[PDB]
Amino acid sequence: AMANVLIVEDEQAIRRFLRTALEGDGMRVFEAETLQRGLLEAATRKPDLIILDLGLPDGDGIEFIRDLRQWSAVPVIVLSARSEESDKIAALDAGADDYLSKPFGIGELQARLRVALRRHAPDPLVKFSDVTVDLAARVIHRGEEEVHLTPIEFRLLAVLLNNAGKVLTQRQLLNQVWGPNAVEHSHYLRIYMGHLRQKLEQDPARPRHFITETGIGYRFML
């Protein structure tokens, strides 16, 4: 039916204008003013498309794109005040699908929106032990009943699974789960790795899928 579009934008005027324009084209519109709320709404609302303004202060748009790409393949169209090539390349390599420099023609945006939308196999499941993981749907089934992970736990699991077979350093896991401002706190990582092992391993005391690489970091297997 109607396409669900999530708009992460801090400027009120642009939010209203875009809401008018996109609702006029027959799309259900959701907005977020911050990146964290935008990620939250991305998880809960499951939009078919995300418009993201890089001019958001509270965090980093690239960080948003990466965090989102840890589990979601939803098309992301970025709008920006800058038109510097380095920013385009960075955003696109982070996982963005398109880039527009402000100001732009609304018709062009509608066009690229249609292009992004019309590009749409079931979700890849990761199976190990008796656990079934669906990253795209953010659901995990141990055995046959759903097991609940907290936001940090799920992000950690997503990072580990996306790098299946490869060991990740504590710096990497911390940077990708908590962020750049908390890379000295390896104990966070120990604790939450503990949570994951507790919830998912058949024997939390002796892991067979969430392996400790002593002195380095951690690694998911199978």
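Residue indices: 1-based, along the sequence shown.
K.L.:
Counting only residues that lack coordinates, how big is the gap in the deposited sequence between residue 120 and residue 121? Pick none, 1 to 3, 4 to 9 or 10 or more.
P.N.:
Count of unmodelled residues in between: 4 to 9.
K.L.:
If you average the CA temperature factors over each stretch, which comes out higher, 110-118 or 137-145?
P.N.:
Stretch with the higher mean C-alpha B-factor: 137-145.
K.L.:
Highest mean C-alpha temperature factor of the two stretches 202-210 and 5-13, which is it?
P.N.:
Averaged over C-alpha atoms, the B-factors run higher in 202-210.
K.L.:
Of the options 92, 131, 81, 73, which has the highest CA B factor as deposited?
P.N.:
Most elevated C-alpha B-factor of the set, per the entry: 81.
K.L.:
Hey, out of 186, 44, 36, 169, whose CA B-factor is highest in the deposited coordinates?
P.N.:
When the deposited C-alpha B-factors of 186, 44, 36, 169 are compared, 186 is largest.
K.L.:
Which third, lowest, middle or highest, does the C-alpha temperature factor of residue 58 belong to within its own chain?
P.N.:
It falls in the top third of the chain.
K.L.:
Split the chain's modelled residues into thirds by Cα B-factor; is residue 197 in the lowest, middle or highest one?
P.N.:
Answer is middle: the recorded C-alpha B-factor places it there.
K.L.:
Sorting by Cα B-factor within the chain, modelled residues only, which third would residue 49 end up in: lowest, middle or highest?
P.N.:
Bottom third by C-alpha B-factor.
K.L.:
Comparing against every modelled residue in the chain, figure out the third that the C-alpha B-factor of residue 155 lands in (lowest, middle or highest).
P.N.:
It belongs to the middle third of the chain when residues are ordered by C-alpha B-factor.
K.L.:
Among the modelled residues of this chain, does the Cα B factor of residue 182 put it in the lowest, middle or highest third?
P.N.:
Its C-alpha B-factor, which the entry lists for residue 182, ranks in the highest third among residues of this chain.
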